[PDB]
There are 2 protein chains.
Amino acid sequence: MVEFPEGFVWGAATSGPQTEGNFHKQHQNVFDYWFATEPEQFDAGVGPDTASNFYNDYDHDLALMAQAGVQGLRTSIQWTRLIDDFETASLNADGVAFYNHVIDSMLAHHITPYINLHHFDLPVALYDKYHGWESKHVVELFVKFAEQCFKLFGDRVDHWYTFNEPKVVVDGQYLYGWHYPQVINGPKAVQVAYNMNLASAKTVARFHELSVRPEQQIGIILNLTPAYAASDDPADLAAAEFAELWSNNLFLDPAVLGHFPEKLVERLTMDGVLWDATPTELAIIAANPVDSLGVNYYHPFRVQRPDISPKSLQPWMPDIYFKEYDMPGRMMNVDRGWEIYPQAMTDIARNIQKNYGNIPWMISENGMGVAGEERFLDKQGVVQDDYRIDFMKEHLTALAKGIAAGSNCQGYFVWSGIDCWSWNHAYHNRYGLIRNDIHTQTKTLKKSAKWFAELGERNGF
Amino acid sequence: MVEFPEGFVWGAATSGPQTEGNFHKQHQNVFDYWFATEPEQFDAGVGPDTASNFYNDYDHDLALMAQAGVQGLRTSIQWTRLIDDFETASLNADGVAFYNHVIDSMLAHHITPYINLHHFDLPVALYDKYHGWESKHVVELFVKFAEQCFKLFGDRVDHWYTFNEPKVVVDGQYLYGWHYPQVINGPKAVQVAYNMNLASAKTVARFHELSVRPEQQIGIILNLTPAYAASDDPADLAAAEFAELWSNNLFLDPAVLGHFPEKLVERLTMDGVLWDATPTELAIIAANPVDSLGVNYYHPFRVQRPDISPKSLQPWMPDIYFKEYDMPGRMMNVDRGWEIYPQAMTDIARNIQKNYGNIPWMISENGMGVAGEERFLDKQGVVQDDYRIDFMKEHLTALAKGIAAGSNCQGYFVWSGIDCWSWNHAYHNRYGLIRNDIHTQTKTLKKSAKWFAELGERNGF
């Protein structure tokens, strides 16, 4: 009844930091270092050191995911595992061998690889030495790392992504304390958002210098949730318009249209917090847009006016212009604190189709996190996650409406394949099609896995 | 009788490596290492370690150049003196203090500073670690170096040069054995010529990122001597055609026009030796042409067909397309092996005028070196170098005719002010207006010096 285009990709999304574990990894990223020194900041004291044991059990993990109808797996290559010397991007041989093993195994199981280069995992040594993403030198080191990935694996990987949601890096490392180093500095955050936008452009440039097949393409993964104003009142609208420019246009516009949003640049210039740019850097951004777009969506985004005037003496933050708003009568994922609003996927699809040239895009992430899933085991040891199937049904329904209106969506990737380590939340919330009992790292298909495999076979539901 | 436009600069030219000595210099450049290691390759075993003692005697040295009518002085800052760590361009405080002292002493003596950034003096450690100018990483490290010079001295230096004749670095380091490392390898030479053009464009961009006054301008110093064919047999003008593209257009076209000469790139392509270039690098070159041109001219350049076919089985060199030619009846500087042909300066002036938008340019070097000037000491120990005064009048006569056709020549710099250290030839040939007795480091003005001072006070002769 709900059907999908011929050739639609049914996939799963994870990342290296949340699956592999730190086995034999040469370098600490910022989350590795944070757990090593502040294990109390992580749920039940569970860090990334073992995660879901993908380093050791990748071949059987891929077999399980293949059973669950995963036609494409998007994951990430860790900068801190592939590279020995960050300055020259020399290679760690065992890191190279591991990713060769993973990729060949995907292929042996008929899973198309989607390879993203960075998922929140900056080497902590680059933060100590250069302050990380604030440094344009670090931006160059990143490009060197990307070059190695393309040279080593571009023979059998077609689909690439530069970053998974750079905004979460900006937000987490420099605004709200989610990511080590937990800097709280608005103006620095502005410069970091610029630098990652520039690092992405330079990575598309290097990618196409080395591309040999016409199938090879590289994208970026962004969150494009609309900023819904609380009311039609003018102050709520003004808060919405800025929240939109800041949370969406800051990255979508450079990546797809090749320039930063004029109104946002004007605003940050007025507040004296604009980034430092050179003409050459702006020319690189303008000359190397992405080939495709990955959209991550989980919950809506609503915004009302700020409590106090933005002109009050206070540290600059993007939040001086908008405040989060809770809508009465919202439909809630109560244990999780997330509103359920599948219509936003249709809003997203329409925007891409209308204002961004209907660039090729996919749902790179959509999923539901539930705690204590052992409450839903049946008498055969399988999690009856009907709530997860329902969640997928409602959101896929909204997505198909966007497609029927003509949006260029080409796939849907579940977060996630196998339950994986969710940063400070660790394993408190489960998202997978496949459960992981993490004391023994024993993995077992959930009920939704069989439904997902069957969805891919009928290409609908 | 022969007068010049108002404001014409009468100056002198040298370099850091050829004047300073290595007193308390932190790093070895390629020539320092070559001398410390093969002193037998240098005339009379005289190296750059003391040179003309400019490190110790800059103040009185400058007072004497001013007496000789040096209105502006061009010289160079040594990468190997100013920089502590090359990777970051951190500063050597004593080097910074030295160059501040030199620049401030120039202005106290009313000499305008013309500061060039590079004169054959690659740090030898950058060769050992990266192969020097073959590495685009080294190209970035030079821009870091150039940025520090701009920030440290741009407050009282208006006129800058990226390089003094990069073709001599290509030729000497990678084709004919003139410069340590003495590599003989055509393909590498092609890539080094391209990399250095790229460093200069990147330096021009950085300079205008930081320039605050409109007087501040940055140029490049090239040799633009025309390639005169031996005859008008088609084989000789084919040789003169390539010799022109290779020796002049290879650097002048990128520097001034923003692009490499297409028929050169076509032949480098057909022969399988083209440099590796990215679109971003080419756009940088197109977008940052130099502000002005420095021309070095000493002697003409004559070319005939090669002895064998360019299709013979031999390693690729540019010389497979042309062989130098000795014209019967040439006017010669016999003691030196150099033809005298002042008309060439008139040809250069016209070329720049007609084919390069008449860009502001100057003669950055012109001079005559003779050996054993002890033979022309008068009773008060003054060199009576009438041969030097004559040489200047003939070339100035030719330059003045070029200006009268309207060519935008704005100054004339003689090589050199004080006798300086001429690489492997050391002090065998002297070019200065001021003699240096190198055993005692005592400088006395030659007769040409007082003649130069009258020429500036009058703008003619």
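Residues numbered from 1 in each chain as written, not as in the entry; some residues may be left out. Chains lettered and ligands numbered in written order. Part of a larger assembly, values for the part shown. Heavy atoms only, no water.

For this deposited structure, the header cites X-ray crystallography as the method used and 2.300 Å as the resolution.

Undergrad: Is there a simple way to think about the overall build of chain A in this case?
TA: A count of helical and extended segments in chain A gives 14 helices and 15 strands. Against the 2.2 N^0.38 benchmark of 23 Å for 461 residues, chain A shows a C-alpha radius of gyration of 21 Å, consistent with a compact globule. Taking the principal axes of its C-alpha atoms as reference, chain A extends roughly 60 × 55 × 50 Å. Counting every position in chain A, which comprises 461 residues, the buried fraction comes to 58%. Taking as baseline every contact in chain A between residues at least 6 positions apart, the subset at least 24 positions apart corresponds to 76%. For chain A, the accessible area works out to roughly 18000 Å², and carbon and sulfur atoms hold 53% of it. (Helix = DSSP H or I, 4+ residues; strand = E, 2+ residues; numbered from the N terminus. Rg over C-alpha atoms; globule rule 2.2 N^0.38 Å. Buried < 20%, exposed > 50% of the residue type's maximum accessible area, 1.4 Å probe, protein only. Contact = heavy atoms within 4.5 Å. Areas by Shrake-Rupley, 256 points an atom, 1.4 Å probe, with all protein chains shown as cover.)

Undergrad: When you look at the packing of aromatic side chains in this model, what are you seeing that I'm missing?
TA: Under the criterion given, the structure shown has 91 aromatic pairs over all chains. For the ring pair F31 of chain A and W423 of chain A, a centre distance of 4.6 Å and an interplane angle of 45° mean the geometry is tilted. Note that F31 of chain A is positioned in helix α1 (residues 30–37) and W423 of chain A in the loop between β13 (409–414) and β14 (434–437), a separation of 392 residues in sequence. Grouping residues by exposure puts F31 of chain A and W423 of chain A together as buried. Here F120 of chain A and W423 of chain A contribute two aromatic rings whose centre-to-centre distance is 5.2 Å and whose plane-to-plane angle is 40°, an arrangement assigned as tilted. Placement of the pair is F120 of chain A in the loop between β3 (112–116) and α5 (124–130) and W423 of chain A in the loop between β13 and β14, with a sequence separation of 303 residues. Through successive ring pairs, a cluster of aromatic residues spans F31, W34, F35, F42, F120, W421 and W423 of chain A. Geometry around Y341 of chain A places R302 of chain A over its ring, the cationic atom sitting 5.1 Å from the centre. The ring of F98 of chain B is capped by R81 of chain B, whose NZ or CZ atom sits 5.4 Å from the centre of that ring. (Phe/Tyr/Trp six-rings, centres within 6.5 Å; stacked < 30°, edge-to-face > 60°. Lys NZ or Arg CZ within 6 Å of the ring centre and 35° of its normal.)

Undergrad: I'm lost on the pattern of salt bridges in this one. Help?
TA: Residues and elements named next belong to chain A. Taken as a whole and assessed by the stated rule, the structure comprises 58 salt bridges over all chains. Taking the shortest distance from any N to any O, the salt bridge between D171 and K167 comes out at 2.8 Å. You can see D171 and its partner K167 sitting in helix α7 (residues 166–174), four residues apart, about one turn around the helix. The buried category is assigned to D171, whose relative accessible area is 6%. (Salt bridge = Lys/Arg side-chain N within 4 Å of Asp/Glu carboxyl O.)

Undergrad: Can you help me understand helix α14 (residues 386–404) of chain B in this one?
TA: In an α-helix, one turn spans 3.6 residues; hence positions three or four apart end up facing the same way. All names here are of chain B. Taking 1.5 Å of rise per residue, the 19 residues of α14 would be expected to cover 27 Å, and the 27 Å separating its terminal C-alpha atoms lies within 8% of that figure. For α14, the set of buried residues is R388, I389, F391, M392, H395, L396, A398, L399, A400, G402 and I403. Downstream of α14 by one or two residues, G406 has phi in the positive range, about 110°. (Expected span 1.5 Å × (residues − 1).)

Undergrad: Looking at this structure, how should I read the relation of the copies chain A and chain B?
TA: Copy one and copy two of the chain differ by a rotation about a common axis and a shift along it. Rotating chain A by 179° and moving it 0.3 Å along the rotation axis overlays it on chain B with an RMSD of 0.2 Å. Expressed as an axis order, the relation between the two copies is that of a two-fold axis. When the interface residues of chain A are mapped onto chain B, 86% of them are again interface residues, pointing to one common binding face. (Least-squares fit on C-alpha atoms.)

Undergrad: Can you walk me through the pairing of strand β12 (residues 361–365) of chain B in this structure?
TA: Remember that side chains alternate between the two faces of the sheet whenever the strand is regular. All names here are of chain B. When you tally the buried positions in β12, you get five out of five residues, the bulk of the element. Relative to β12, strand β7 (residues 292–296) runs parallel, the two sharing four bridges. Within β12, the position partnered with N296 by the bridge is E365. Across two bridges, β12 lies against strand β14 (residues 409–414) in parallel orientation. Residue pairing across strands places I363 opposite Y412, the latter belonging to β14. (Pairing = 2+ DSSP bridges.)

Undergrad: I'm lost on the sheet that holds strand β9 (residues 323–324) of chain A in this one. Help?
TA: Either a parallel or an antiparallel arrangement is found when strands of a sheet pair, and the pairing is made through backbone hydrogen bonds. Residues and elements named next belong to chain A. The strand order across the open sheet formed by three strands is β6-β8-β9, and the pairing between neighbours is mixed. Only two strands of the sheet have a single partner each, and these edge strands are β6 (227–229) and β9. Relative to β9, strand β8 (residues 301–304) runs antiparallel, the two being bridged by two bridges. The residue bridging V303 from the neighbouring strand is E324, located in β9.

Undergrad: Sorry, what's going on with the interface of chain A and chain B here?
TA: Where interface size is quoted, it is often the accessible area lost as the parts come together. With seven residues of chain A at the interface, the matching set in chain B holds seven residues. At the boundary of chain A with chain B, total buried surface from both sides reaches about 570 Å², with 62% on carbon and sulfur atoms. At the surface where chain A touches chain B, the tally comes to zero residue pairs in polar contact. Of all the secondary structure elements, the ones that give two or more residues to the side of chain A that touches chain B are α8 (186–210) and α11 (279–287) of chain A. Per-element tally for the side of chain A that touches chain B: the top contributor is α11 of chain A, with three residues. (Buried area = accessible area lost by both parts, 1.4 Å probe. Polar contact = N/O pair within 3.5 Å; in protein donor to acceptor, adjacent residues only side chain to side chain.)

Undergrad: Mind showing me how you'd approach the sheet that holds β7 of chain B here?
TA: Residues and elements named next belong to chain B. An order of β1-β2-β3-β4-β5-β7-β12-β14 is seen for the eight strands of this closed barrel, with the pairing classed as parallel. Taking the axes of each pair of neighbouring strands and ignoring which way they run, one obtains an average angle of 30° across the sheet. On top of the sheet, helix α9 (residues 186–210) reaches β4 (159–164) and β5 (217–222); it is set at about 165° to β4, its chief contact. (Axes fitted to C-alpha atoms, helices over the stretch in contact; angles between N-to-C directions.)

Undergrad: Mind showing me how you'd approach the nonpolar core here?
TA: In globular proteins that are soluble, nonpolar side chains generally tend to be buried together. Core analysis: the largest hydrophobic core is formed by 137 residues, its most contacted members being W79, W133, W160, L293 and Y412 of chain B. The next biggest cluster of nonpolar side chains, apart from the first, holds 135 residues, and it includes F35, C149, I363 and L455 of chain A. (Core = buried A, V, L, I, M, F, W, Y, C linked by side-chain atoms within 4.5 Å.)

Undergrad: Is there a simple way to think about the environment of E365 of chain B in this case?
TA: Residues and elements named next belong to chain B. Inspection of the secondary structure assignment puts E365 in strand β12. Along the backbone, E365 and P214 are 151 residues apart, and their C-alpha atoms lie at a distance of 26 Å. The residues contacting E365, other than those within four sequence positions of it, are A13, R74, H119, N164, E165, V295, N296, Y297, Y298, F413 and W415. In this structure the side chain of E365 is engaged in a polar contact, spanning 2.5 Å, whose partner is the side chain of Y298.

Undergrad: What should I look at first to understand the packing of α8 of chain A against helix α9 (residues 234–257) of chain A in this one?
TA: Axes are the key here: two packed helices are described by the angle between their axes and the distance separating the axes. Residues and elements named next belong to chain A. At a minimum axis separation of 10 Å, α8 and α9 run at an interaxial angle of 30°. Comparing the axis directions of α8 and α9 gives the class roughly parallel. The chirality of how α8 crosses α9 is right-handed. Residue-level contacts link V190, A193 and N197 of α8 to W246, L250, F251 and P254 of α9. Class assignment of the residues belonging to the contact of α8 with α9 gives a composition of six nonpolar, one polar and no charged. (Parallel < 35°, antiparallel > 145°, perpendicular 65-115°, else oblique. Left-handed = near helix turned anticlockwise from the far one by under 90°. Nonpolar A, V, L, I, M, F, W, Y, C, P; charged D, E, K, R; others polar.)

Undergrad: What is the right way to read empty space enclosed by the protein from this model?
TA: One water molecule sets the probe size; rolling that probe over the atoms shows where empty space is left. Evaluation of the coordinates by the stated rule reveals nine cavities of 30 Å³ or more. Roughly 160 Å³ of volume is contained in the largest cavity. As for the largest cavity, its lining consists of 20 residues, and the residues nearest its centre are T14, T19, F54, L73 and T75 of chain B. Put simply, the parts of the chain that give the lining of the largest cavity at least two residues each are α1 (16–19), α3 (54–67), β2 (72–76) and α5 (93–108) of chain B. Of the residues in the lining of the largest cavity, the class split is 11 nonpolar, six polar and three charged. Quantified by volume, the second largest cavity comes out at close to 90 Å³. Along the walls of the second largest cavity sit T14, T19, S52, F54, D61, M65, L73, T75, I418, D419 and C420 of chain A, which together make up its complete lining. (1 Å grid on protein atoms, 1.4 Å probe; cavity = no way out; pocket = protein on both sides within 12 Å on 5 of 7 lines; lining within 4 Å. Points joined across faces, edges and corners; volume = space filled by probe spheres on them.)

Undergrad: Which parts of the structure should I look at to understand the pairing of strand β1 (residues 9–13) of chain A?
TA: All names here are of chain A. Taken across its five residues, β1 has five buried, putting it largely inside the fold. Of the two faces of β1, the one holding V9, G11 and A13 and the one holding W10 and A12 are both buried throughout. Alignment of β1 against β13, held across four bridges, turns out to be parallel. If you follow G11 over to β13, its bridge partner there is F413. Pairing between β1 and strand β2 (residues 72–76): three bridges, direction parallel. Opposite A12, over in β2, you have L73 as the bridge partner.

Undergrad: I would appreciate a short explanation of the environment of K129 of chain A in the present structure.
TA: Residue and element names in this part refer to chain A. Along the polypeptide, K129 turns up in helix α5. Assessed through its relative accessible area of 57%, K129 is described here as exposed. Measuring from C-alpha to C-alpha, the distance between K129 and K151 comes to 27 Å, with 22 residues separating the pair along the chain.

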